[PDB]
Amino acid sequence: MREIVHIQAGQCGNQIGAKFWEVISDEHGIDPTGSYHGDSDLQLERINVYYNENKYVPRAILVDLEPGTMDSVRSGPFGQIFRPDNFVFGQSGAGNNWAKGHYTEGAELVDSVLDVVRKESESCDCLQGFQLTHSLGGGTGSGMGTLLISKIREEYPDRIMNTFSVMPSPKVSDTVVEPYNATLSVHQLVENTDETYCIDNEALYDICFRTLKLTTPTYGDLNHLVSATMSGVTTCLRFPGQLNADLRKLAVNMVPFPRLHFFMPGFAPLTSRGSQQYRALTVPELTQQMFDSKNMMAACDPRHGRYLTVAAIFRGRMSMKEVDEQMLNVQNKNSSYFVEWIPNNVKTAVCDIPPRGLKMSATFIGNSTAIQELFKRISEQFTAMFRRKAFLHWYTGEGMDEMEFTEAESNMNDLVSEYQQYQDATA
Amino acid sequence: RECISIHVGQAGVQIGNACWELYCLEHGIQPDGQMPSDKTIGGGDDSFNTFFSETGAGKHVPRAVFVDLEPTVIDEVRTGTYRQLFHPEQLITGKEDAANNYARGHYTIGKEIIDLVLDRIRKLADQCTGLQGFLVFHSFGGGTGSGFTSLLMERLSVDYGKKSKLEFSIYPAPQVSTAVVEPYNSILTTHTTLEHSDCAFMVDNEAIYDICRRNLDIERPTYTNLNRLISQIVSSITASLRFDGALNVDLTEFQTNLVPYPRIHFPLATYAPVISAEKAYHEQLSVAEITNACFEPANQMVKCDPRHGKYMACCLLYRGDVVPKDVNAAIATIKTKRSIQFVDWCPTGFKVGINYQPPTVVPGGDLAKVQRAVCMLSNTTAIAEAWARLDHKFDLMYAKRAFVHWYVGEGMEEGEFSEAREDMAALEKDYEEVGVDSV
Amino acid sequence: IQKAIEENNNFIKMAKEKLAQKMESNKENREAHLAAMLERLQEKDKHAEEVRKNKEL
Ligand SMILES: *[C@@H]1CC(=O)C/C(C)=C\C=C\C(=O)O[C@H]([C@H](O)NC(=O)/C=C\C=C\C)C/C(C)=C/[C@@H]2CSC[C@H](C1)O2
Ligand SMILES: Nc1nc2c(ncn2[C@@H]2O[C@H](COP(=O)(O)OP(=O)(O)OP(=O)(O)O)[C@@H](O)[C@H]2O)c(=O)[nH]1
Ligand SMILES: Nc1nc2c(ncn2[C@@H]2O[C@H](COP(=O)(O)OP(=O)(O)O)[C@@H](O)[C@H]2O)c(=O)[nH]1
Ligand SMILES: [Ca+2]
Ligand SMILES: [Mg+2]
Ligand SMILES: [Mg+2]
């Protein structure tokens, strides 16, 4: 009815993309062969948003410049659910170089990706738009992913473009050029996406390590959090409901100025199994946790800025009256942190189906000016390198000019100033 | 003297569902459209024929079009309980909605379906021997209810001239709203529609929500709870058109008294009794009780305080076991006791109608079945408070142009926002001016 | 009666014309927003050509 086409690019993008599909397939009662075996009609009612149709096949395109991650996806759990012809991969790799993904190797592959995008799009009853999963700190997801965004946008200019964009952190990768690849990518996202979930590896790491007490978090551990979040933030798109039920309604509610389209996602509950013995899982606990810095998947403290807009989704069996009351309370006690010139800027949905293994959960989507803290962190790492022209030859050797770096940096600094402007504005 | 109902977008459609179900129960029409008590097969000129046409096979078919820019709400009508009541062609859908954006409803998406909707309304009109006018049900806040309604009302002025157009308009509340931009959409549609509408009954979702919570003891009202109450109010208002009787007074005659100047066309509706089965049990609520309840601000369908404005008209629409003697005694008491100041240029007499047909309730509803009910329609300067609240929310966002790019992106200009807001300022000022004393 | 006819006709006429003018202005505006968007995207394709040319030296 209102289809979304999903693209996953590069290593990170394919890894979190595969977990997204495993988790939502389980939620909708779809098994690894594509057969429906669930128990609630809620599961099938909007299945067409994500699955073609006695089997259900993800509307999903898997892209990479080398075969290895996609080979493991294919042999992973749920790997035979994907359409075989929707795997598009080269052999070269991108060498963790954005320029190779965006301008050289990625450019050589992009038309064959577009062929598949078009085939999926053309058999849609009424395509809403696109969701991309990728990292910003590598080469393929970052460089080729942003290339695909601009190419798709040319052919589908009035459709929504949404990303799940994984931001780098020195706590997770020591690859030294990550700040360059991320700054060049943010430059593209600012101009060419409608809505971006900022999934910060810094925050995923700190949640794993400090809250869940995992001494040495794996990508697996990080991705489990991401898949919880991605499930949460797509709940309104794929289950019956009132609020934010499609990509464009979400954008209209969440994006007051076109460039300010970078969301801080958050998930509750996030409590260690040992602390679970002490703390009950209740609506007030979810509500308190979802507005806490420690539950945000971007490493920014919302109390260091203000909220332009917020979407709160609760999942599971619970009292609607108690939800309304807690959501009013949390707004009242936090009133300073919600801009006064956007009245009624927090919306609340409830879906009766919880995530697997929880009685209830909540998901937060914040458009907060405190997201400037993430861009500033990237910006500081970028400039420490660029001031010394470190490692530029990898990018100029692909034909880029220093001017493009200066321009990406300036654009990202301008984004930061714009968040500050609206943070400081009053009624 | 036919009336054609048009139900636009989700709110207009779901309220239409509730209204048509209630109308069928009030007239004895089954879900398959059969009406065993109607002995004229295939036609006639009964009062109920204002709202229902008849087929030769005995089907009583609403004079109604339902339209929505996406299909999923109208699909429930098409597959649900009353699916046989409507001809398929009366239920019209597109595939992609207006995304809470007036610009999409009035322009980008609306324009693709407007011709077809006008075609279908024309086919209804063509079966009427004396069409009196239209009743249009819509939200203020949604993209379709705002923008498509506006487009449709402009197009109907062109195709039907000054034939009567009345609205039932759903004014937004935060407890059930779905968009941050609802103020913008409300002001845009109020501006665009104002010269095309003869009379508009606003229903504030927050007033209804509150009434449901307070008087029906519903902890967290749903649209279903809200819409069942709204339908009773709508029913009270249209009952004069659908039933006859010696003391029935047509809605158009109330209209004469309600609308002193073309733009001053927004009556305040107040309804009583709203009570649960459990409280209504063993308690007979007299004509005096239900009448005094109409001057309680808590029972009003729009939050505002009439005690702090002036009246330009007061109409009482009774239904059920009500005789003028009891009415007159009740009005006499109320006049000695309440805050009822008229402007100096109007008569202070209350205008009364009585329909004998008792009120009906839908199975599994919240409202007690009662012997007598009343709907007061007043023209008070206090209703302007509702415009001031929306205007203020508009001003807060507009000063920063928050969300305006979504509208501009669909082809609108800033000048349309300032024109709409200027007209609303003029309307607020019109409401002040009419309440000032004559020199 | 002629006056009443004239004013009803003039009301129709003016509502018809105002609407035609808004739907045209709306259309041209929306089209221009789209054309600008596509022209930015095309500038980018041209820039990527230059990069790949710059590399070949
Ligand atoms: C996770 C699947 C998996 O492999 C790991 C397992 C078996 C369980 C993980 C649970 C987990 O991470 O739980 C967290 C959180 O610690 N839970 C609580 O805080 C619970 C109660 C708190 C009370 C005060 C929540 C979480 C991220 C769950 C997600 C939901 S999406 C499905 C994944 C699968 O788990
Ligand atoms: N009383 C009542 N209000 C409703 C109902 N459905 C929606 N609303 C209100 O209407 C507004 C949202 O507009 P909708 O009618 O859903 O939107 P739409 O006209 O379908 O427009 P789009 O979906 O944007 O194309 C909010 O203020 C909702 O609270 C309903 O059935 N009853
Ligand atoms: N959360 C998460 N981050 C990952 C994963 N794989 C790689 N990354 C991060 O992504 C960046 C490296 O980019 P990568 O996706 O490997 O390169 P590409 O294959 O060229 O797109 C670094 O910031 C890594 O920490 C993964 O599965 N999950
Ligand atoms: Ca008959
Ligand atoms: Mg890698
Ligand atoms: Mg709708």
Side-chain angles (χ1 to χ4, degrees), chain A residues 319 321, chain B residues 18-19 21-28 37 203 207-240 242-243 245-248 269-301 314-338 350 352-378:
Chain A
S319 162
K321 177 170 175 293
Chain B
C19 288
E21 166 172 42
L22 176 57
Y23 296 162
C24 287
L25 287 173
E26 288 179 10
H27 294 298
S37 69
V203 180
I208 305 298
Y209 193 91
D210 280 348
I211 291 164
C212 290
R213 288 202 283 198
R214 185 213 306 112
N215 292 54
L216 294 177
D217 303 290
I218 304 169
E219 294 197 345
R220 204 286 186 190
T222 64
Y223 286 139
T224 294
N225 305 125
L226 299 185
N227 293 346
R228 283 169 159 168
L229 179 52
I230 300 169
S231 66
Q232 295 291 340
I233 299 151
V234 171
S235 172
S236 285
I237 295 164
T238 63
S240 52
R242 293 183 292 110
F243 293 100
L247 302 184
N248 185 61
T270 309
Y271 176 89
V274 185
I275 185 185
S276 72
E278 302 80 336
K279 300 220 138 148
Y281 191 57
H282 290 352
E283 315 318 332
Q284 278 316 305
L285 288 164
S286 80
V287 171
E289 290 165 323
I290 64 172
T291 303
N292 200 26
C294 288
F295 293 88
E296 164 62 52
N299 302 329
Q300 293 165 187
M301 276 79 103
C314 192
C315 306
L316 295 163
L317 289 64
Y318 291 90
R319 96 196 284 183
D321 178 39
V322 177
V323 295
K325 180 186 63 160
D326 289 328
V327 174
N328 296 335
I331 286 162
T333 303
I334 280 151
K335 274 176 183 159
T336 76
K337 294 173 165 164
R338 287 274 188 173
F350 299 7
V352 169
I354 304 164
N355 281 285
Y356 294 121
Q357 161 89 9
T360 298
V361 293
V362 313
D366 309 294
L367 283 167
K369 179 91 150 32
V370 300
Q371 278 199 111
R372 66 189 70 80
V374 65
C375 183
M376 172 163 98
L377 299 182
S378 58

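So that the names make sense, note that chain A is the first sequence line, chain B the second, and so on, each numbered from 1. The analysis underlying the following values was restricted to heavy atoms, covering all of them including side chains, and did not include hydrogens, waters or symmetry mates.
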Is any side-chain heavy atom of B:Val352 closer than 4.5 Å to a side-chain heavy atom of B:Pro324? no
Quick one: salt bridge (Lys or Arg N to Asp or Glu O under 4.0 Å) partners of B:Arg213, sequence neighbours excluded? B:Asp210
Set of side-chain contact (heavy atoms from CB on, under 4.5 Å) partners for B:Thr238, sequence neighbours left out: B:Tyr23, B:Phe51, B:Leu135, B:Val234, B:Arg242
Considering non-hydrogen atoms only, spot the tightest contact between B:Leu377 and B:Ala269 and give its length. CD2-CB, 3.8 Å
What pair of heavy atoms forms the shortest contact from B:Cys212 to B:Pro221, and how long is it? CB-CG, 3.6 Å
Judged by atom type as modelled, is there a donor-acceptor pair below 3.5 Å linking the side chain of B:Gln357 to the main-chain atoms of B:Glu26? yes
Which residues pass the side-chain contact (heavy atoms from CB on, under 4.5 Å) test with B:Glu283, not counting sequence neighbours? none
Show your reasoning for whether side-chain contact (heavy atoms from CB on, under 4.5 Å) applies to B:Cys314 and B:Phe295. CA-CA 11 Å; B:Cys314 192; B:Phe295 293 88; 4.1 Å; yes
Carefully, step by step, assess B:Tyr318 and B:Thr291 under the rule side-chain contact (heavy atoms from CB on, under 4.5 Å). CA-CA 9 Å; B:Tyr318 291 90; B:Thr291 303; 2.8 Å; yes
Drop me the distance from B:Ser236's OG to B:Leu317's CG, to the nearest 0.5 angstrom. 7.0 Å
I need the minimum non-hydrogen distance between B:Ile354 and B:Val323, along with the two atoms involved. CD1-C, 4.2 Å
Mind checking what makes side-chain contact (heavy atoms from CB on, under 4.5 Å) contact with A:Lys321, not counting sequence neighbours? A:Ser319, A:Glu325, B:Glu219, B:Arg220
Test log, rule side-chain contact (heavy atoms from CB on, under 4.5 Å), inputs B:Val274 and B:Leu367: CA-CA 6 Å; B:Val274 185; B:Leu367 283 167; 3.7 Å; yes
Is there side-chain contact between B:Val370 and B:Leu285, with heavy atoms separated by less than 4.5 Å? no
Under the side-chain contact (heavy atoms from CB on, under 4.5 Å) test, residues paired with B:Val203 that sit two or more places apart: B:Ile170, B:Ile208, B:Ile230
Just wondering, more than 12 heavy atoms not from B:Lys335 lying within 6.0 Å of its NZ? yes
Find the distance between CD1 (B:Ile233) and CE (B:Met376) and round it off to the nearest 0.5 Å. 12.5 Å
So, taking the atom named OH in B:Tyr223 and the one named OH in B:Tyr209, what distance separates them when rounded to the nearest 0.5 Å? 10.0 Å
Side chains of B:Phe350 and B:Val327: closer than 4.5 Å at any heavy-atom pair? no
So, B:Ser235 side chain and B:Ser231 main chain: donor-acceptor pair closer than 3.5 Å or not? no
Between B:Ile331 and B:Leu316, is the side-chain contact (heavy atoms from CB on, under 4.5 Å) condition met? List the steps. CA-CA 10 Å; B:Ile331 286 162; B:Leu316 295 163; 3.9 Å; yes
In short, salt bridge (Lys or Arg N to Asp or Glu O under 4.0 Å) pairs touching residues 363-372 of chain B with sequence neighbours left out are B:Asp321-B:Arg372
Could you tell me which non-hydrogen atom of B:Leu25 sits nearest to which non-hydrogen atom of B:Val361, and how far apart they are? CD1-O, 4.0 Å
Side-chain donor/acceptor of B:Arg319 to backbone N/O of B:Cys375, under 3.5 Å: no
Is any side-chain heavy atom of B:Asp326 closer than 4.5 Å to a side-chain heavy atom of B:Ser286? no
When rounded to the nearest 0.5 Å, the distance separating OH of B:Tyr356 from CG of B:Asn248 is 9.5 Å
Should B:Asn292 and B:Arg338 count as side-chain neighbours, where that means a heavy-atom distance under 4.5 Å? yes
Report the distance from atom CD1 of B:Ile218 to atom OG1 of B:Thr224, rounding to the nearest 0.5 Å. 10.0 Å
Determine the minimum heavy-atom distance between B:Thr270 and B:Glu296, stating which atoms define it. CG2-O, 4.3 Å
Heavy-atom side-chain proximity of B:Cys294 to B:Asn299 below 4.5 angstrom: no
